[PDB]
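Structure file final_19.pdb (PDB, C-alpha atoms and all ligand atoms) is printed below.
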```
ATOM      1  CA  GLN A   1     199.979  80.506  72.838
ATOM      2  CA  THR A   2     199.098  80.284  69.119
ATOM      3  CA  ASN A   3     201.088  83.301  67.905
ATOM      4  CA  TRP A   4     204.867  83.001  68.166
ATOM      5  CA  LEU A   5     208.028  84.729  67.045
ATOM      6  CA  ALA A   6     210.977  82.664  65.921
ATOM      7  CA  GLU A   7     214.499  83.384  64.745
ATOM      8  CA  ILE A   8     216.092  81.731  61.724
ATOM      9  CA  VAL A   9     218.999  79.578  62.993
ATOM     10  CA  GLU A  10     219.741  77.817  59.672
ATOM     11  CA  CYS A  11     218.557  78.108  56.081
ATOM     12  CA  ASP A  12     220.633  75.769  53.889
ATOM     13  CA  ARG A  13     220.269  73.539  50.852
ATOM     14  CA  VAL A  14     220.093  69.814  51.515
ATOM     15  CA  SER A  15     219.466  68.850  47.873
ATOM     16  CA  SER A  16     219.170  70.601  44.492
ATOM     17  CA  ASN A  17     215.713  71.881  45.440
ATOM     18  CA  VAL A  18     215.069  71.291  49.154
ATOM     19  CA  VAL A  19     216.036  73.682  52.003
ATOM     20  CA  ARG A  20     216.431  72.801  55.679
ATOM     21  CA  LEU A  21     214.981  75.680  57.703
ATOM     22  CA  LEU A  22     215.778  75.690  61.437
ATOM     23  CA  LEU A  23     213.836  78.125  63.634
ATOM     24  CA  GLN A  24     214.279  78.974  67.303
ATOM     25  CA  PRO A  25     211.006  80.066  68.927
ATOM     26  CA  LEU A  26     211.428  83.050  71.248
ATOM     27  CA  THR A  27     209.972  83.045  74.729
ATOM     28  CA  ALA A  28     210.150  85.053  77.939
ATOM     29  CA  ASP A  29     212.947  84.094  80.326
ATOM     30  CA  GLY A  30     211.579  81.658  82.901
ATOM     31  CA  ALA A  31     208.685  80.498  80.709
ATOM     32  CA  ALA A  32     207.615  76.872  80.216
ATOM     33  CA  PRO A  33     209.874  74.696  77.994
ATOM     34  CA  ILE A  34     209.375  75.483  74.326
ATOM     35  CA  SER A  35     209.405  71.737  73.549
ATOM     36  CA  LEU A  36     206.133  71.482  75.510
ATOM     37  CA  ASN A  37     204.344  73.598  72.867
ATOM     38  CA  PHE A  38     205.595  71.938  69.670
ATOM     39  CA  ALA A  39     205.721  68.284  68.552
ATOM     40  CA  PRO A  40     207.100  66.680  65.384
ATOM     41  CA  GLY A  41     204.419  66.174  62.720
ATOM     42  CA  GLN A  42     202.426  69.172  63.860
ATOM     43  CA  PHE A  43     202.595  72.142  61.536
ATOM     44  CA  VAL A  44     202.959  75.895  61.868
ATOM     45  CA  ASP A  45     201.819  78.696  59.523
ATOM     46  CA  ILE A  46     204.832  80.911  58.831
ATOM     47  CA  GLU A  47     204.269  84.485  57.620
ATOM     48  CA  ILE A  48     206.589  85.913  54.967
ATOM     49  CA  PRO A  49     208.194  89.045  56.502
ATOM     50  CA  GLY A  50     206.603  92.269  55.255
ATOM     51  CA  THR A  51     203.425  90.491  54.107
ATOM     52  CA  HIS A  52     200.203  88.835  55.273
ATOM     53  CA  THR A  53     201.121  85.750  53.234
ATOM     54  CA  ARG A  54     201.337  82.520  55.248
ATOM     55  CA  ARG A  55     202.306  78.951  54.399
ATOM     56  CA  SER A  56     202.030  75.793  56.487
ATOM     57  CA  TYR A  57     205.126  73.652  57.173
ATOM     58  CA  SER A  58     205.503  70.368  59.026
ATOM     59  CA  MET A  59     207.894  70.122  61.924
ATOM     60  CA  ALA A  60     210.272  67.286  61.096
ATOM     61  CA  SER A  61     211.841  67.493  64.555
ATOM     62  CA  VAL A  62     211.750  69.536  67.735
ATOM     63  CA  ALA A  63     215.078  69.742  69.603
ATOM     64  CA  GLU A  64     215.561  69.687  73.379
ATOM     65  CA  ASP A  65     216.021  73.467  73.322
ATOM     66  CA  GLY A  66     212.891  73.953  71.183
ATOM     67  CA  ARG A  67     214.565  74.363  67.770
ATOM     68  CA  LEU A  68     212.094  73.499  64.973
ATOM     69  CA  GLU A  69     213.265  71.760  61.791
ATOM     70  CA  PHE A  70     211.532  72.002  58.397
ATOM     71  CA  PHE A  71     212.355  70.545  54.988
ATOM     72  CA  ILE A  72     210.943  72.767  52.266
ATOM     73  CA  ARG A  73     210.772  72.002  48.541
ATOM     74  CA  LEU A  74     211.576  75.144  46.511
ATOM     75  CA  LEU A  75     209.032  75.749  43.738
ATOM     76  CA  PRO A  76     209.534  78.057  40.772
ATOM     77  CA  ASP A  77     207.756  81.391  41.376
ATOM     78  CA  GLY A  78     206.405  80.300  44.776
ATOM     79  CA  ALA A  79     205.885  83.064  47.357
ATOM     80  CA  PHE A  80     207.598  81.304  50.251
ATOM     81  CA  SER A  81     210.090  79.692  47.890
ATOM     82  CA  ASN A  82     211.081  83.150  46.596
ATOM     83  CA  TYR A  83     211.409  84.387  50.157
ATOM     84  CA  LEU A  84     213.795  81.530  51.030
ATOM     85  CA  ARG A  85     215.855  82.151  47.884
ATOM     86  CA  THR A  86     216.132  85.954  48.050
ATOM     87  CA  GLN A  87     215.370  87.302  51.524
ATOM     88  CA  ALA A  88     215.609  84.728  54.320
ATOM     89  CA  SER A  89     218.720  85.008  56.486
ATOM     90  CA  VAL A  90     220.069  83.666  59.760
ATOM     91  CA  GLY A  91     218.911  86.033  62.536
ATOM     92  CA  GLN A  92     215.725  87.162  60.806
ATOM     93  CA  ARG A  93     212.607  86.968  62.976
ATOM     94  CA  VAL A  94     209.437  85.470  61.535
ATOM     95  CA  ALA A  95     205.873  85.182  62.830
ATOM     96  CA  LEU A  96     204.449  81.658  63.307
ATOM     97  CA  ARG A  97     200.828  80.642  63.981
ATOM     98  CA  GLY A  98     200.114  77.283  65.594
ATOM     99  CA  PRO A  99     201.149  74.655  66.122
ATOM    100  CA  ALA A 100     198.224  72.663  64.716
ATOM    101  CA  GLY A 101     197.506  69.017  63.915
ATOM    102  CA  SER A 102     194.624  69.378  61.433
ATOM    103  CA  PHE A 103     192.935  71.644  58.843
TER     104      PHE A 103
ATOM    105  CA  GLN B   1     211.104  47.295  54.380
ATOM    106  CA  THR B   2     211.428  50.661  52.592
ATOM    107  CA  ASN B   3     208.808  50.057  49.897
ATOM    108  CA  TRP B   4     205.255  49.779  51.151
ATOM    109  CA  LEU B   5     201.807  49.327  49.709
ATOM    110  CA  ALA B   6     199.170  51.520  51.380
ATOM    111  CA  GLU B   7     195.404  51.755  51.058
ATOM    112  CA  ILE B   8     193.638  55.125  50.948
ATOM    113  CA  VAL B   9     191.216  55.006  53.877
ATOM    114  CA  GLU B  10     190.267  58.701  53.861
ATOM    115  CA  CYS B  11     190.675  61.457  51.258
ATOM    116  CA  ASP B  12     188.777  64.532  52.418
ATOM    117  CA  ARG B  13     188.758  68.153  51.328
ATOM    118  CA  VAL B  14     189.149  70.129  54.532
ATOM    119  CA  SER B  15     189.701  73.893  55.000
ATOM    120  CA  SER B  16     191.976  76.136  52.846
ATOM    121  CA  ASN B  17     192.281  73.904  49.701
ATOM    122  CA  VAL B  18     193.902  71.174  51.815
ATOM    123  CA  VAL B  19     193.266  67.433  51.611
ATOM    124  CA  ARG B  20     193.343  65.219  54.722
ATOM    125  CA  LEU B  21     194.772  61.950  53.396
ATOM    126  CA  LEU B  22     194.712  58.876  55.632
ATOM    127  CA  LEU B  23     196.676  55.831  54.420
ATOM    128  CA  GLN B  24     196.816  52.322  55.848
ATOM    129  CA  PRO B  25     200.184  50.670  55.123
ATOM    130  CA  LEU B  26     199.448  47.042  54.309
ATOM    131  CA  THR B  27     201.172  44.228  56.150
ATOM    132  CA  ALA B  28     200.577  40.553  56.665
ATOM    133  CA  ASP B  29     198.247  39.573  59.505
ATOM    134  CA  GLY B  30     200.253  39.267  62.741
ATOM    135  CA  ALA B  31     203.260  41.324  61.514
ATOM    136  CA  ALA B  32     205.571  43.692  63.449
ATOM    137  CA  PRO B  33     203.788  46.935  64.462
ATOM    138  CA  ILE B  34     203.852  49.554  61.691
ATOM    139  CA  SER B  35     203.657  52.400  64.225
ATOM    140  CA  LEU B  36     207.067  51.611  65.614
ATOM    141  CA  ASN B  37     208.471  52.013  62.062
ATOM    142  CA  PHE B  38     206.750  55.292  61.173
ATOM    143  CA  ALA B  39     206.938  58.373  63.392
ATOM    144  CA  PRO B  40     205.251  61.785  63.129
ATOM    145  CA  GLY B  41     207.436  64.394  61.444
ATOM    146  CA  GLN B  42     209.149  61.833  59.250
ATOM    147  CA  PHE B  43     208.183  61.829  55.569
ATOM    148  CA  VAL B  44     207.363  59.284  52.894
ATOM    149  CA  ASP B  45     207.500  59.447  49.087
ATOM    150  CA  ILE B  46     204.119  58.555  47.561
ATOM    151  CA  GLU B  47     203.804  57.553  43.906
ATOM    152  CA  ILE B  48     200.895  58.672  41.721
ATOM    153  CA  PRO B  49     199.040  55.568  40.433
ATOM    154  CA  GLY B  50     200.111  54.601  36.902
ATOM    155  CA  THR B  51     203.222  56.808  36.963
ATOM    156  CA  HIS B  52     206.811  57.020  38.221
ATOM    157  CA  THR B  53     206.011  60.419  39.769
ATOM    158  CA  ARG B  54     206.673  60.673  43.509
ATOM    159  CA  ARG B  55     206.275  63.448  46.066
ATOM    160  CA  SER B  56     207.368  63.685  49.704
ATOM    161  CA  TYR B  57     204.731  64.170  52.424
ATOM    162  CA  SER B  58     205.154  64.630  56.165
ATOM    163  CA  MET B  59     203.329  62.326  58.551
ATOM    164  CA  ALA B  60     201.232  64.529  60.843
ATOM    165  CA  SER B  61     200.214  61.669  63.118
ATOM    166  CA  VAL B  62     200.403  57.889  63.222
ATOM    167  CA  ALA B  63     197.820  55.469  64.669
ATOM    168  CA  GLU B  64     198.862  52.437  66.703
ATOM    169  CA  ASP B  65     197.819  50.219  63.734
ATOM    170  CA  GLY B  66     199.947  52.262  61.372
ATOM    171  CA  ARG B  67     197.378  54.559  59.759
ATOM    172  CA  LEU B  68     199.304  57.590  58.502
ATOM    173  CA  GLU B  69     197.750  61.063  58.247
ATOM    174  CA  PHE B  70     198.901  63.778  55.828
ATOM    175  CA  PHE B  71     197.629  67.294  55.147
ATOM    176  CA  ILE B  72     198.340  68.190  51.542
ATOM    177  CA  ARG B  73     197.864  71.632  50.022
ATOM    178  CA  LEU B  74     196.395  71.423  46.519
ATOM    179  CA  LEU B  75     198.433  73.547  44.120
ATOM    180  CA  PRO B  76     196.940  74.756  40.867
ATOM    181  CA  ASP B  77     198.144  72.285  38.178
ATOM    182  CA  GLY B  78     200.472  70.244  40.362
ATOM    183  CA  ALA B  79     200.901  66.548  39.515
ATOM    184  CA  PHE B  80     200.064  65.092  42.931
ATOM    185  CA  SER B  81     197.603  67.920  43.540
ATOM    186  CA  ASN B  82     195.720  67.091  40.361
ATOM    187  CA  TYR B  83     195.648  63.421  41.397
ATOM    188  CA  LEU B  84     194.172  64.227  44.822
ATOM    189  CA  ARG B  85     191.761  66.793  43.430
ATOM    190  CA  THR B  86     189.977  64.561  40.917
ATOM    191  CA  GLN B  87     191.376  60.999  40.719
ATOM    192  CA  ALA B  88     192.208  59.712  44.209
ATOM    193  CA  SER B  89     189.538  57.611  45.928
ATOM    194  CA  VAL B  90     189.076  55.626  49.123
ATOM    195  CA  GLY B  91     190.132  52.025  48.488
ATOM    196  CA  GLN B  92     192.915  52.770  46.009
ATOM    197  CA  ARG B  93     196.314  51.275  46.821
ATOM    198  CA  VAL B  94     199.412  53.405  46.386
ATOM    199  CA  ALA B  95     203.141  52.741  46.566
ATOM    200  CA  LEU B  96     205.139  54.647  49.148
ATOM    201  CA  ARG B  97     208.806  54.646  50.060
ATOM    202  CA  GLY B  98     210.204  55.540  53.459
ATOM    203  CA  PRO B  99     210.038  56.640  56.114
ATOM    204  CA  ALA B 100     212.881  59.210  56.058
ATOM    205  CA  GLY B 101     213.921  62.067  58.368
ATOM    206  CA  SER B 102     216.815  63.582  56.416
ATOM    207  CA  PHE B 103     218.300  64.292  52.983
TER     208      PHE B 103
HETATM  209  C1  LIG A 201     199.762  71.087  56.809
HETATM  210  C2  LIG A 201     200.785  71.332  55.729
HETATM  211  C3  LIG A 201     202.111  70.983  55.913
HETATM  212  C4  LIG A 201     203.028  71.228  54.907
HETATM  213  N1  LIG A 201     204.325  70.878  55.114
HETATM  214  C5  LIG A 201     205.244  71.117  54.147
HETATM  215  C6  LIG A 201     206.648  70.756  54.325
HETATM  216  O1  LIG A 201     207.000  70.243  55.411
HETATM  217  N2  LIG A 201     207.493  71.010  53.313
HETATM  218  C7  LIG A 201     207.128  71.578  52.152
HETATM  219  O2  LIG A 201     207.972  71.763  51.252
HETATM  220  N3  LIG A 201     205.855  71.968  51.912
HETATM  221  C8  LIG A 201     204.908  71.740  52.856
HETATM  222  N4  LIG A 201     203.594  72.127  52.643
HETATM  223  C9  LIG A 201     203.318  72.811  51.383
HETATM  224  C10 LIG A 201     203.552  74.341  51.647
HETATM  225  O3  LIG A 201     202.604  74.906  52.579
HETATM  226  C11 LIG A 201     203.474  75.213  50.388
HETATM  227  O4  LIG A 201     202.304  74.862  49.610
HETATM  228  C12 LIG A 201     204.705  75.101  49.488
HETATM  229  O5  LIG A 201     205.897  75.404  50.245
HETATM  230  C13 LIG A 201     204.637  76.065  48.290
HETATM  231  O6  LIG A 201     204.451  77.400  48.775
HETATM  232  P1  LIG A 201     205.069  78.668  48.022
HETATM  233  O7  LIG A 201     204.608  79.873  48.771
HETATM  234  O8  LIG A 201     206.517  78.484  47.716
HETATM  235  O9  LIG A 201     204.353  78.616  46.576
HETATM  236  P2  LIG A 201     202.977  79.309  46.071
HETATM  237  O10 LIG A 201     203.113  80.791  46.050
HETATM  238  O11 LIG A 201     201.792  78.692  46.769
HETATM  239  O12 LIG A 201     203.035  78.831  44.570
HETATM  240  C14 LIG A 201     203.059  77.425  44.304
HETATM  241  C15 LIG A 201     203.144  77.193  42.802
HETATM  242  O13 LIG A 201     201.908  77.606  42.222
HETATM  243  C16 LIG A 201     202.209  78.197  40.963
HETATM  244  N5  LIG A 201     201.002  78.935  40.591
HETATM  245  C17 LIG A 201     200.498  80.054  41.158
HETATM  246  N6  LIG A 201     199.344  80.408  40.564
HETATM  247  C18 LIG A 201     199.102  79.488  39.601
HETATM  248  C19 LIG A 201     198.031  79.275  38.641
HETATM  249  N7  LIG A 201     197.007  80.147  38.591
HETATM  250  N8  LIG A 201     198.139  78.212  37.824
HETATM  251  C20 LIG A 201     199.189  77.374  37.891
HETATM  252  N9  LIG A 201     200.211  77.483  38.758
HETATM  253  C21 LIG A 201     200.196  78.523  39.626
HETATM  254  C22 LIG A 201     203.431  79.012  41.263
HETATM  255  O14 LIG A 201     204.056  79.392  40.039
HETATM  256  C23 LIG A 201     204.217  78.019  42.108
HETATM  257  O15 LIG A 201     204.991  77.140  41.300
HETATM  258  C24 LIG A 201     202.616  71.879  53.641
HETATM  259  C25 LIG A 201     201.284  72.237  53.465
HETATM  260  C26 LIG A 201     200.360  71.974  54.467
HETATM  261  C27 LIG A 201     198.910  72.354  54.262
HETATM  262  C1  LIG A 202     210.332  66.498  53.120
HETATM  263  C2  LIG A 202     209.105  67.122  52.491
HETATM  264  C3  LIG A 202     207.893  67.074  53.149
HETATM  265  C4  LIG A 202     206.747  67.633  52.597
HETATM  266  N1  LIG A 202     205.566  67.547  53.265
HETATM  267  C5  LIG A 202     204.461  68.115  52.730
HETATM  268  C6  LIG A 202     203.155  68.053  53.395
HETATM  269  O1  LIG A 202     203.069  67.469  54.496
HETATM  270  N2  LIG A 202     202.109  68.643  52.793
HETATM  271  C7  LIG A 202     202.201  69.262  51.595
HETATM  272  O2  LIG A 202     201.186  69.809  51.111
HETATM  273  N3  LIG A 202     203.351  69.311  50.902
HETATM  274  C8  LIG A 202     204.475  68.786  51.422
HETATM  275  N4  LIG A 202     205.658  68.854  50.715
HETATM  276  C9  LIG A 202     205.629  69.460  49.379
HETATM  277  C10 LIG A 202     205.271  68.299  48.375
HETATM  278  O3  LIG A 202     206.305  67.291  48.287
HETATM  279  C11 LIG A 202     205.008  68.760  46.938
HETATM  280  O4  LIG A 202     206.069  69.652  46.573
HETATM  281  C12 LIG A 202     203.671  69.481  46.732
HETATM  282  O5  LIG A 202     202.598  68.623  47.167
HETATM  283  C13 LIG A 202     203.458  69.889  45.266
HETATM  284  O6  LIG A 202     203.486  68.713  44.466
HETATM  285  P1  LIG A 202     202.581  68.563  43.160
HETATM  286  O7  LIG A 202     202.963  67.266  42.537
HETATM  287  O8  LIG A 202     201.155  68.842  43.463
HETATM  288  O9  LIG A 202     203.036  69.804  42.227
HETATM  289  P2  LIG A 202     204.191  69.802  41.122
HETATM  290  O10 LIG A 202     203.802  68.922  39.963
HETATM  291  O11 LIG A 202     205.519  69.578  41.774
HETATM  292  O12 LIG A 202     204.098  71.320  40.604
HETATM  293  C14 LIG A 202     204.058  72.409  41.532
HETATM  294  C15 LIG A 202     203.728  73.754  40.870
HETATM  295  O13 LIG A 202     204.759  74.133  39.965
HETATM  296  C16 LIG A 202     204.124  74.948  38.978
HETATM  297  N5  LIG A 202     205.093  75.077  37.881
HETATM  298  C17 LIG A 202     205.647  74.087  37.153
HETATM  299  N6  LIG A 202     206.531  74.606  36.262
HETATM  300  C18 LIG A 202     206.556  75.943  36.457
HETATM  301  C19 LIG A 202     207.262  77.100  35.873
HETATM  302  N7  LIG A 202     208.153  76.914  34.873
HETATM  303  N8  LIG A 202     206.982  78.331  36.372
HETATM  304  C20 LIG A 202     206.093  78.534  37.365
HETATM  305  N9  LIG A 202     205.416  77.528  37.945
HETATM  306  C21 LIG A 202     205.608  76.249  37.531
HETATM  307  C22 LIG A 202     202.798  74.265  38.690
HETATM  308  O14 LIG A 202     201.834  75.159  38.106
HETATM  309  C23 LIG A 202     202.405  73.843  40.099
HETATM  310  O15 LIG A 202     201.583  74.876  40.684
HETATM  311  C24 LIG A 202     206.828  68.289  51.271
HETATM  312  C25 LIG A 202     208.057  68.354  50.617
HETATM  313  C26 LIG A 202     209.200  67.794  51.188
HETATM  314  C27 LIG A 202     210.520  67.857  50.461
END
```
Kindly return the structure encoded in the file as structure tokens.
Amino acid sequence: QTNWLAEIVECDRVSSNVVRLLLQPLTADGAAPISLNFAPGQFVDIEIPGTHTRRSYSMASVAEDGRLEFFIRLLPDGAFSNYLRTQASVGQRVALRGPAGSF
Amino acid sequence: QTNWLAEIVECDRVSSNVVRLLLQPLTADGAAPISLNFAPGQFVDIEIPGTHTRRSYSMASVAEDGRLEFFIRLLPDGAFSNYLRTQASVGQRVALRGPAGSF
């Protein structure tokens, strides 16, 4: 509903300091289409594994199969930025809260 | 085309050190609809007034008349953050480039 699990499908550089993060939300077999729950421009709050630290990211696109695309600028000494540089890997499961369209 | 002039129509401090920024891209009276050119989830590069400093921001939602909404986290001592925190005001006109959906 507002708490989701998602699996990292891609975590790649697309410039010197931007990463494309692709996540696949996980749902029960036979559930409603994932694309019904998420729209481009809405954001989710992603928790860094092993922490209670969350950051908001905008969904650049939502694929037919529900895959969520993010473009994330890496900052020096940033919590989520460090996670993407040192820990994030394809197959890792992360907790997402949302989606939301306002703060 | 790809360079736009936009008026700040809202610049509000909302929850969690986030600013809700609403921009109106400026066009001639009677022009092609802005909202066909800008889509949620795409991003634009906004320049800080009086500088050559630009940052990318994701469009959360787009009005039929082309008003663009962004939710921007204020970082301690960031360039655009510092601008939003203390300098930005309703009625200012800013340069933005885009939209884009890829790197
Ligand atoms: C609705 C929404 C959507 C967003 N969408 C996107 C998106 O699509 N893409 C994207 O890249 N970002 C997006 N953001 C921004 C994002 O949430 C994070 O702010 C960004 O990724 C940085 O997080 P971080 O954990 O890497 O860095 P943080 O841990 O927050 O650190 C940020 C910087 O602060 C510095 N810092 C820490 N403490 C101090 C201090 N006391 N003084 C000075 N500097 C300090 C750190 O060294 C670091 O450089 C969005 C934000 C919101 C609110
Ligand atoms: C495609 C895309 C979409 C995005 N969408 C959003 C969005 O919707 N909302 C959003 O909030 N952000 C978004 N971002 C992130 C945004 O572009 C900016 O990165 C963010 O707003 C910070 O910019 P700034 O000018 O405030 O800070 P900057 O001037 O870039 O500085 C950031 C931080 O770096 C720290 N710093 C500088 N040098 C050092 C050092 N040597 N060591 C440690 N720390 C240091 C500063 O203290 C500061 O905290 C997006 C990024 C991309 C690429």
>> I'd like to know which of A:12, A:65, A:47, A:7 is closest to chain B, using all atoms listed in the file.
In response: A:12
>> As an exercise, work out the distance from atom CA of residue B:43 to atom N7 of ligand LIG 201 (chain A) in Å and give it to one decimal place.
In response: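 One can read the atom CA of residue B:43 to atom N7 of ligand LIG 201 (chain A) distance as 27.4 Å.
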>> Can you pull out the residues contacting residue B:1? Cut-off 12 Å, using only C-alpha atoms, and skip same-chain residues under 4 positions away; I want them as a list in words.
In response: residues 5, 25, 26, 27, 32, 34, 37, 38, 96, 97, 98 and 99 of chain B
>> Since I can't run it myself right now, could you work out what the PyMOL selection byres ((chain A and not hetatm) within 12 of (chain B)) selects here and report it as an NGL selection string?
In response: :A and (12-20 or 38-44 or 54-62 or 68-73 or 75-76 or 78 or 99-103)
>> Can you measure atom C15 of ligand LIG 202 (chain A) to atom CA of residue B:77 for me? One decimal in Å is fine.
In response: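 We find that atom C15 of ligand LIG 202 (chain A) and atom CA of residue B:77 lie 6.4 Å from each other.
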Taking all atoms of ligand LIG 201 (chain A) that the file lists and extending 3 Å past them on each side, where is the centre of the axis-aligned box and how long are its edges? Answer in Å to one decimal, as lines of an AutoDock Vina configuration file.
```
center_x = 202.5
center_y = 75.5
center_z = 47.3
size_x = 17.0
size_y = 16.5
size_z = 25.0
```
> Nearest to ligand LIG 201 (chain A) among A:74, A:88, A:95, A:22, with distances taken over all atoms listed in the file: which residue is it?
Replying inline: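 Counting all atoms listed in the file, the residue closest to ligand LIG 201 (chain A) is A:74.
Distance check against ligand LIG 202 (chain A) using all atoms listed in the file: of B:3, B:35, B:81, B:92, the minimum falls on B:81.
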Here's a check: after a least-squares fit over all in-order C-alpha atoms, write chain A in the frame of chain B, as a short mmCIF file (atom, residue, chain, number, x, y, z; two decimals) with C-alpha atoms, in the frame of the given file.
```
data_model
loop_
_atom_site.label_atom_id
_atom_site.label_comp_id
_atom_site.auth_asym_id
_atom_site.auth_seq_id
_atom_site.Cartn_x
_atom_site.Cartn_y
_atom_site.Cartn_z
CA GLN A 1 211.23 47.71 54.77
CA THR A 2 211.52 50.88 52.64
CA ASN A 3 208.91 50.00 50.00
CA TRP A 4 205.32 49.82 51.23
CA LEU A 5 201.78 49.58 49.93
CA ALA A 6 199.05 51.58 51.59
CA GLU A 7 195.32 51.96 51.13
CA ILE A 8 193.53 55.31 51.09
CA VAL A 9 191.24 55.43 54.16
CA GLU A 10 190.26 59.12 53.85
CA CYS A 11 190.78 61.90 51.32
CA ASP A 12 188.76 64.96 52.40
CA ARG A 13 188.97 68.74 52.37
CA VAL A 14 189.84 70.40 55.66
CA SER A 15 190.00 73.93 54.22
CA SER A 16 189.47 75.65 50.86
CA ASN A 17 192.79 74.27 49.61
CA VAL A 18 194.11 71.64 52.03
CA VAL A 19 193.26 67.90 51.96
CA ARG A 20 193.61 65.43 54.83
CA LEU A 21 194.91 62.16 53.37
CA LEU A 22 194.74 59.10 55.65
CA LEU A 23 196.61 55.98 54.53
CA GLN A 24 196.64 52.50 56.03
CA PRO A 25 199.92 50.67 55.36
CA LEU A 26 199.42 47.03 54.40
CA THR A 27 201.41 44.28 56.05
CA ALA A 28 201.44 40.50 56.31
CA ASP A 29 199.26 39.02 59.04
CA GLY A 30 201.39 38.42 62.13
CA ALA A 31 204.04 40.99 61.17
CA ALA A 32 205.57 43.57 63.53
CA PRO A 33 203.34 46.55 64.50
CA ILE A 34 203.11 49.07 61.69
CA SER A 35 203.54 51.90 64.23
CA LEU A 36 207.09 50.60 64.81
CA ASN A 37 208.07 51.56 61.24
CA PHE A 38 206.59 55.07 61.03
CA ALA A 39 206.85 58.12 63.32
CA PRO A 40 205.25 61.56 63.11
CA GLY A 41 207.50 64.12 61.41
CA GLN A 42 209.16 61.52 59.23
CA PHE A 43 208.15 61.65 55.59
CA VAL A 44 207.26 59.16 52.88
CA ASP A 45 207.55 59.45 49.08
CA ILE A 46 204.16 58.59 47.60
CA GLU A 47 203.95 57.49 43.95
CA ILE A 48 201.03 58.70 41.83
CA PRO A 49 199.23 55.55 40.57
CA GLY A 50 200.07 54.73 36.95
CA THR A 51 203.26 56.83 37.01
CA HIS A 52 206.84 57.00 38.26
CA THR A 53 206.10 60.42 39.76
CA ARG A 54 206.72 60.68 43.52
CA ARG A 55 206.20 63.42 46.08
CA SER A 56 207.30 63.60 49.71
CA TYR A 57 204.74 64.18 52.49
CA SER A 58 205.19 64.60 56.23
CA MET A 59 203.37 62.30 58.59
CA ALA A 60 201.36 64.54 60.91
CA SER A 61 200.36 61.56 63.05
CA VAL A 62 200.65 57.80 63.21
CA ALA A 63 197.68 56.03 64.84
CA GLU A 64 197.84 52.99 67.13
CA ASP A 65 196.79 50.80 64.20
CA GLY A 66 199.41 52.37 61.91
CA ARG A 67 197.16 54.82 60.02
CA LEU A 68 199.25 57.68 58.57
CA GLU A 69 197.86 61.23 58.41
CA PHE A 70 198.95 63.90 55.91
CA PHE A 71 197.82 67.48 55.32
CA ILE A 72 198.41 68.43 51.71
CA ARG A 73 198.09 71.90 50.17
CA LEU A 74 196.48 71.66 46.70
CA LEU A 75 198.41 73.65 44.09
CA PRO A 76 197.08 74.67 40.69
CA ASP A 77 198.39 72.29 37.99
CA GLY A 78 200.43 70.24 40.48
CA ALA A 79 200.92 66.55 39.63
CA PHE A 80 200.00 65.18 43.04
CA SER A 81 197.44 67.93 43.54
CA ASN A 82 195.72 66.90 40.29
CA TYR A 83 195.79 63.29 41.39
CA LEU A 84 194.06 64.16 44.68
CA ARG A 85 191.44 66.26 42.87
CA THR A 86 190.60 63.88 40.01
CA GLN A 87 191.70 60.31 40.73
CA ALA A 88 192.32 59.55 44.41
CA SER A 89 189.60 57.51 46.11
CA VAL A 90 189.03 55.60 49.33
CA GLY A 91 190.24 52.01 48.76
CA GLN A 92 192.89 52.87 46.18
CA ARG A 93 196.31 51.36 46.87
CA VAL A 94 199.40 53.54 46.53
CA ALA A 95 203.13 52.80 46.70
CA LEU A 96 205.14 54.55 49.45
CA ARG A 97 208.94 54.75 49.84
CA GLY A 98 210.42 55.45 53.26
CA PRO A 99 209.91 56.52 55.87
CA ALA A 100 212.84 58.95 56.01
CA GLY A 101 213.98 61.77 58.29
CA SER A 102 216.33 63.68 55.95
CA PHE A 103 217.20 64.51 52.31
#
```
>> Using all atoms listed in the file for the distances, tell me which of A:2, A:24, A:82, A:87 is nearest to ligand LIG 202 (chain A).
In response: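 Among the listed residues, A:82 lies closest to ligand LIG 202 (chain A).
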> If you measure from atom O8 of ligand LIG 201 (chain A) to atom CA of residue A:8, what distance in Å do you get, rounded to one decimal?
Replying inline: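 Separation between atom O8 of ligand LIG 201 (chain A) and atom CA of residue A:8: 17.3 Å.
Closest approach to ligand LIG 202 (chain A) from the set B:79, B:67, B:31, B:45 is made by B:79, with distances taken over only C-alpha atoms and all ligand atoms.
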> For ligand LIG 201 (chain A), which of B:33, B:21, B:93, B:9 is the closest residue, counting only C-alpha atoms and all ligand atoms?
Replying inline: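 Smallest separation from ligand LIG 201 (chain A) among the options: B:21.
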